[PDB]
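Engineer: The structure under discussion is supplied below as structure tokens; questions concerning it will follow.
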Ligand SMILES: [Zn+2]
Ligand SMILES: [Zn+2]
């Protein structure tokens with residue numbers, strides 16, 4: 001790419017694309033999709049630290065940090081082939 005037309009600058013590395021998670025895949029479904037969109041790593045929501053409500057400015061890193069999605073799974077089945085315990 002280069003060789004000696006810049007003589008390096010502040011640091012020496014540039015850092016390649018980092019994240020390999022957001023910036024693609026799922027969509028916000030509330031304001032934007034193909035660009036800037038932090039997802040909820042606790043369930044399956046898709047928003048940004050600025051399209052929640054007048055109160056989403058806590059940026060921990062990467063995306064937001066999920067919110068109050070409240071997705072209590074009442075019909076989820078995980079290898080329920082044999083009823084060992086006793087809960088229909
Ligand atoms: Zn959004
Ligand atoms: Zn969530």
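In PDB author numbering, the protein residues as written are 1 to 88. Just so you know, even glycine gets a beta-carbon here, dropped at the ideal spot from N, CA and C.
(1) What does the shell around ligand 2 hold, if a residue joins when its beta-carbon is under 5 Å from any heavy atom?
(2) For residue 61, list the residues DSSP reports as bridge partners.
(3) Which of the three DSSP states, helix, strand or coil, is assigned to residue 51?
(4) Any idea which residues DSSP pairs residue 39 with across the strands?
(5) Verify the contact flag: residue 57, CB atom, against every heavy atom of ligand 1, threshold strictly below 6 Å.
Structural biologist: The short version:
(1) 40, 42, 43, 45, 66 and 69
(2) Numbered from its first residue, the chain shown carries residue 61 at position 61. Looking at the DSSP assignment, residue 61 forms a beta bridge with 63.
(3) If you number the chain shown from 1, residue 51 lands on position 51. Residue state, collapsed to three classes: coil.
(4) Position 39 of the chain shown, counted from the start, is the residue given in the question as residue 39. Its beta-bridge partners are 46.
(5) Residue mapping note: residue 57 aligns to position 57 of the chain shown, counting from 1. Residue 57: no, Cβ never under 6 Å from ligand 1.
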